[PDB]
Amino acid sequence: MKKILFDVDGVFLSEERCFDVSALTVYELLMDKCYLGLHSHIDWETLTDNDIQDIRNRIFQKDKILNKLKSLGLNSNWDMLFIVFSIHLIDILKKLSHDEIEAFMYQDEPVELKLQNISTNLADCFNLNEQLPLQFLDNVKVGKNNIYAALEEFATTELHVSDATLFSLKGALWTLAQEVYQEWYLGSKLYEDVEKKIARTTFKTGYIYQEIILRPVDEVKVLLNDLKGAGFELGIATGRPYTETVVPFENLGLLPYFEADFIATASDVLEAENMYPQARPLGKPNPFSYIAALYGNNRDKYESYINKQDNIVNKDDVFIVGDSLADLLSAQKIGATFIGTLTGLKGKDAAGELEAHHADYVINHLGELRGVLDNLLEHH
């Protein structure tokens, strides 16, 4: 009867690795002889947590580039790594003759292979200048669509051309960069099964298995266990797709504490939208996934999860544990008790918005969750 719905990022795991893979993507697209092959580089198959950190640091410049893209509306890692890599590409292309440019920009061969024919035409040694992308966003209007427009105008004026559709969103180049990231993340094996494409490498194991933990698993395995011991039913609602949720939890040993029928993911919202397109977006602000994680995750009940959301549960029967504000509104929506965590990307600085939104409780991290359950009224 009593259920407690959990969110994944900002609670159990963080999103850092995404920014890591995003960095490694740009870097691999720059040094590997499979693409540009600008300069030498460490063997990908032997990278360490420090190498990756250094790479990320160089590419994003202490995350300055990474945080600027956020403030402008670019929160998708695929989009971020794409824009950052285009700025450097355009930079390298302005060193070749106009003829060489039109070649790479208009040749019938795939960009992936056309990238392999640029380094040989470099007169002098090219210098990276990893500050360019940041000095690119300087004057750019907020908004993904707007960001892509600036990137296109920049390419035309810099490369003295008029097309620049190669840099278009979801373009051939965008597809390349995005495939490189997915293999980096899911790993070759999971890449083929999820993306339905043949893997480029055979050494990428997938950083999905080396996800950044927020709280020691051995400690949460006891918390979850006791939670069940107190008659609590557990549930999961995340913005992560199916695999990015199951695989990590599986490898970590947390999955056994969550019934597969009570784990709602971005795949479900995606599926639900295809069945009921005019049902607007069923994204995280919409309590749909939380509702699916509560009553059960079966296609045949989706419609009800969409039409019946206003105060469908009592305050003492459901406890939503998350860090985002979008989860807070989903709880106030369905009538569930909300308990916010301070383990989000913003850290504890997110406490002000949580209290200004009347969050039932606010905890520092998943561990301090016992205090709330043993002091529901005391700490009310």
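One-based numbering along the sequence shown.
Would 255-263 or 172-180 have the larger average of its C-alpha temperature factors, as given in the entry? That would be 255-263.
Higher average CA B factor in the deposited record is what I'm after, so tell me if that's 22-30 or 40-48. It is 40-48.
Identify, among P287, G187, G73, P248, the residue whose C-alpha carries the highest B-factor in the deposited PDB entry. Among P287, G187, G73, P248, the highest C-alpha B-factor in the entry belongs to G73.
At the C-alpha atoms, which of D349, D317, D54, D323 reaches the highest B-factor in this entry? Within the set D349, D317, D54, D323, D349 shows the top C-alpha B-factor.
In terms of the CA temperature factor given in the entry, to which third of its chain does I291 belong: lowest, middle or highest? Lowest third of the chain for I291's C-alpha B-factor.
State the tercile, meaning the lowest, middle or highest third, of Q278 with respect to the CA B-factors recorded for its chain. As the PDB entry reports it, the C-alpha B-factor of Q278 lands in the highest third of its chain.
Rank-wise, by C-alpha B-factor, drop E244 into the lowest, middle or highest third of its chain. Tercile = lowest for this residue's CA B-factor.
Within this chain, which third does the Cα B-factor at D91 fall in: lowest, middle or highest? For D91, whose C-alpha B-factor we compare with every modelled residue in the chain, the answer is the middle third.
Quick check for you: using the entry's CA B-factors within this chain, is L366 in the lowest, middle or highest third? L366: CA B-factor falls in the middle third of its chain.
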